[PDB]
Structures are given as C-alpha cells and as structure tokens.
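Shown next, in structure tokens, is the structure this report addresses.
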Amino acid sequence: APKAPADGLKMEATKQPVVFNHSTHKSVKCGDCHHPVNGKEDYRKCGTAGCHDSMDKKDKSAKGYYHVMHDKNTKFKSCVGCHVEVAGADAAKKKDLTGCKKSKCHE
Ligand code: HEC
Ligand code: HEC
Ligand code: HEC
Ligand code: HEC
C-alpha cells in the first residue's frame with residue numbers, strides 16, 4: 001500500500017530501454033502490472049534474481065523476461081497485450097503501440 005511514485009521511471013536492463021510513466025497508466029489496477037507473487041503483492045524489479053531472469057530470444061516460459069512484457073497468451077497481462085487489445089481499432093497506432101520500430105516503447 002505504497003504511493004504511486006512520481007513519473008521518471010524507465011526500464012533499460014536489456015539492450016532495449018523503455019520508459020513508462022504511471023501517469024499514462026494510472027487508470028489500471030496495480031495488480032495488472034504488479035501481480036501477486038508467492039502470495040504477496042510484488043512491486044520489485046520485474047526481472048530481479050529469482051524471478052524473470054530469462055533474457056534470450058527464443059526460450060519462453062513464465063521465466064521469460066520478454067515473455068512477461070510482450071506475449072498475450074500469459075496468465076497475466078503484458079505491455080504489448082493490453083496495447084493489442086487497445087490498438088486493435090486502427091492499423092496506424094498498431095505501429096506505435098505494438099510497433100517494433102518507432103514505437104513509443106522501442107522509439
Ligand atoms: C515489436 C512487436 C516488438 C519487438 C520486436 C520487441 N518488443 Fe519490446 N520491450 C518492452 C519492454 C518494457 C522491454 C523490457 C525492458 C528491459 O527489461 O530492459 C522490452 C524488451 C524487448 C526485447 C529484449 C528482451 C531481452 O532481454 O532479450 C526485445 C528483443 C524486444 N523487446 C522486442 C516494451 C515493449 C512495448 C511497449 C508496450 C512494445 C509495444 C514492445 N516492447 C514490442 C516489441
Ligand atoms: C503497468 C501498467 C503498471 C501499473 C498499472 C502500475 N505500475 Fe507500478 N511500476 C511499473 C513498472 C514497470 C515499474 C518498474 C519496474 C521495472 O521494470 O523497472 C513500476 C514501479 C513501481 C514502484 C517502484 C518499486 C518500489 O520501489 O516500491 C512502485 C512503488 C509502484 N510501481 C507502485 C504502483 C502503484 C501504487 C500502482 C497503482 C496505484 C502501480 N504501481 C501501477 C508498472 C506499473
Ligand atoms: C518474482 C518475485 C517475480 C517478479 C519480481 C515478477 N514476477 Fe512475473 N511471475 C512470477 C512467477 C513466479 C510467475 C509464474 C506464475 C504464473 O502466474 O504463471 C510469473 C508470471 C508472470 C507472467 C505470466 C507469464 C505466463 O507465461 O503466463 C507475466 C506476464 C508476468 N509475470 C509479468 C510480470 C511483470 C510485468 C512484472 C513486473 C511488474 C513481474 N512479472 C514481476 C514471479 C515474478
Ligand atoms: C492496459 C492494461 C495496458 C498495459 C498493461 C500497458 N499499457 Fe501502455 N498504454 C495503455 C493505453 C490505454 C495507452 C494509451 C494509448 C493512447 O495514446 O491512446 C498506453 C500508452 C503507452 C505509451 C505511450 C505514452 C503516451 O502516449 O502517453 C507507452 C510508451 C506505453 N503505454 C508503454 C507501456 C509499457 C512499457 C508497459 C509495460 C511496462 C505498458 N505500456 C503496459 C494501456 C496499457
């Protein structure tokens with residue numbers, strides 16, 4: 001039961017830095033991004049040691065770091081998923097929300 005920190009949070013652990021402001025995501029259940037782990041809401045690094053440490057281009061599974069922030073066929077929502085369920089009305093933003101290059105995430 002913390003307090004939505006002030007914007008200015010960016011994730012760049014891998015070879016792809018992606019900024020994310022809670023402001024642009026302050027209308028979503030914290031439980032959407034911060035899923036309950038070991039039966040206890042977790043708000044620590046998504047990756048961290050012990051959790052999503054998998055950082056390869058192939059191997060999937062829940063351990064998959066890029067699989068917990070892309071794939072939509074997961075237990076929990078991702079980043080591209082929600083975006084997919086959103087950027088599915090126009091074939092324009094689809095190249096921005098789910099875009100690979102020039103996208104807000106991978107801009
Ligand atoms: C177009 C469909 C996409 C391609 C191709 C890739 N993504 Fe993303 N992406 C996002 C985040 C938040 C991360 C993790 C940041 C971090 O942990 O540092 C990533 C990471 C990747 C990676 C690296 C995975 C690895 O470590 O091997 C690859 C290869 C990758 N992404 C390819 C965020 C987003 C995002 C925001 C909504 C979108 C639309 C996409 N990613 C889409 C693509
Ligand atoms: C995705 C749509 C998110 C929602 C919804 C909320 N948060 Fe979040 N938060 C998110 C990320 C990607 C990160 C950084 C992790 C990373 O990959 O680097 C965070 C970080 C926090 C933190 C920092 C951890 C700490 O020091 O305690 C806190 C405290 C936090 N977020 C709080 C929070 C609250 C209260 C939310 C609902 C009101 C909430 N987050 C939603 C992604 C997302
Ligand atoms: C260890 C304390 C973890 C941290 C930190 C994060 N997650 Fe996680 N996640 C963890 C486990 C043990 C599992 C598997 C249990 C399950 O619900 O299947 C997961 C699963 C996910 C998934 C589902 C992927 C699938 O294949 O179904 C996603 C999409 C996911 N986790 C995303 C995610 C995000 C966005 C995180 C940071 C806010 C995050 N996880 C942190 C353990 C841990
Ligand atoms: C629904 C539960 C979402 C999840 C999960 C994530 N995002 Fe998201 N994002 C969502 C919406 C509805 C929007 C607004 C799109 C619009 O302009 O109408 C966004 C926007 C972004 C942006 C763009 C910033 C902006 O234009 O204000 C970025 C860069 C972004 N989202 C990144 C992002 C990341 C990194 C996520 C996982 C950590 C993520 N989103 C999850 C809805 C949802």
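Scheme for the structure tokens: letters A, B, ... for chains in order shown; per-chain residue numbers from 1; ligand numbers from 1 in order shown.
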* Residues of region 10-85 of chain A in alpha helix (DSSP H), written as an MDAnalysis selection string -> chainID A and resid 30:33 80:84
* Show which residues sit within 12 Å of region 33-46 of chain A, as a ChimeraX atom specification. Count only C-alpha atoms, and ignore same-chain residues fewer than 5 positions away. => /A:1-5,9-13,20,22,25-28,51-55,62-69,75-79,81-82
* Apply DSSP to the structure's backbone, then extract all residues of chain A labelled strand (DSSP E) and return them as a ChimeraX atom specification. => /A:10-11,18-19
* Asked: Within 9 Å of region 100-107 of chain A, counting only C-alpha atoms, which residues qualify if same-chain residues fewer than 3 places away don't, as a VMD selection string?
  -> chain A and resid 16 to 20 93 95 to 97
Could the residues in this selection be written to a file with N, CA, C and O atoms, as a PDB file, in the first residue's frame?
ATOM      1  N   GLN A  16      17.375  -2.785 -24.691  1.00  0.00           N
ATOM      2  CA  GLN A  16      16.227  -2.008 -25.128  1.00  0.00           C
ATOM      3  C   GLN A  16      15.587  -1.292 -23.938  1.00  0.00           C
ATOM      4  O   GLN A  16      14.889  -1.884 -23.118  1.00  0.00           O
ATOM      5  N   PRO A  17      15.844   0.017 -23.863  1.00  0.00           N
ATOM      6  CA  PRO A  17      15.340   0.888 -22.823  1.00  0.00           C
ATOM      7  C   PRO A  17      13.905   1.287 -23.142  1.00  0.00           C
ATOM      8  O   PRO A  17      13.639   1.686 -24.275  1.00  0.00           O
ATOM      9  N   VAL A  18      13.025   1.174 -22.159  1.00  0.00           N
ATOM     10  CA  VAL A  18      11.630   1.527 -22.360  1.00  0.00           C
ATOM     11  C   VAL A  18      11.129   2.320 -21.152  1.00  0.00           C
ATOM     12  O   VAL A  18      11.096   1.803 -20.036  1.00  0.00           O
ATOM     13  N   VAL A  19      10.753   3.563 -21.414  1.00  0.00           N
ATOM     14  CA  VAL A  19      10.257   4.433 -20.361  1.00  0.00           C
ATOM     15  C   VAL A  19       8.770   4.152 -20.132  1.00  0.00           C
ATOM     16  O   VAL A  19       8.059   3.762 -21.057  1.00  0.00           O
ATOM     17  N   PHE A  20       8.345   4.362 -18.895  1.00  0.00           N
ATOM     18  CA  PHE A  20       6.956   4.135 -18.533  1.00  0.00           C
ATOM     19  C   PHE A  20       6.546   5.017 -17.352  1.00  0.00           C
ATOM     20  O   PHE A  20       7.087   4.882 -16.255  1.00  0.00           O
ATOM     21  N   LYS A  93      -1.932   3.228 -35.302  1.00  0.00           N
ATOM     22  CA  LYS A  93      -1.343   3.222 -33.975  1.00  0.00           C
ATOM     23  C   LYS A  93      -0.751   1.841 -33.689  1.00  0.00           C
ATOM     24  O   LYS A  93       0.150   1.706 -32.863  1.00  0.00           O
ATOM     25  N   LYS A  95       1.186   0.469 -35.127  1.00  0.00           N
ATOM     26  CA  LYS A  95       2.603   0.550 -35.442  1.00  0.00           C
ATOM     27  C   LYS A  95       3.285   1.507 -34.464  1.00  0.00           C
ATOM     28  O   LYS A  95       4.404   1.958 -34.708  1.00  0.00           O
ATOM     29  N   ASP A  96       2.583   1.791 -33.375  1.00  0.00           N
ATOM     30  CA  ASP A  96       3.107   2.687 -32.359  1.00  0.00           C
ATOM     31  C   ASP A  96       2.975   2.025 -30.985  1.00  0.00           C
ATOM     32  O   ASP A  96       3.901   2.075 -30.178  1.00  0.00           O
ATOM     33  N   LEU A  97       1.817   1.422 -30.764  1.00  0.00           N
ATOM     34  CA  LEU A  97       1.552   0.752 -29.501  1.00  0.00           C
ATOM     35  C   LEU A  97       2.211  -0.629 -29.515  1.00  0.00           C
ATOM     36  O   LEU A  97       2.870  -1.015 -28.551  1.00  0.00           O
TER      37      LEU A  97
END
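Closest approach to ligand 1 among A:73, A:21, A:98, A:61 is made by A:98 (distances from only C-alpha atoms and all ligand atoms).
The two atoms in question, CA of residue 71 (chain A) and CA of residue 6 (chain A), are spaced 27.7 Å apart.
We find atom 7 (N, counted along the ligand's line) of ligand 3 and CA of residue 49 (chain A) to be spaced 10.3 Å apart.
Distance-wise, atom 6 (C, counted along the ligand's line) of ligand 2 and CA of residue 15 (chain A) end up 22.6 Å apart.
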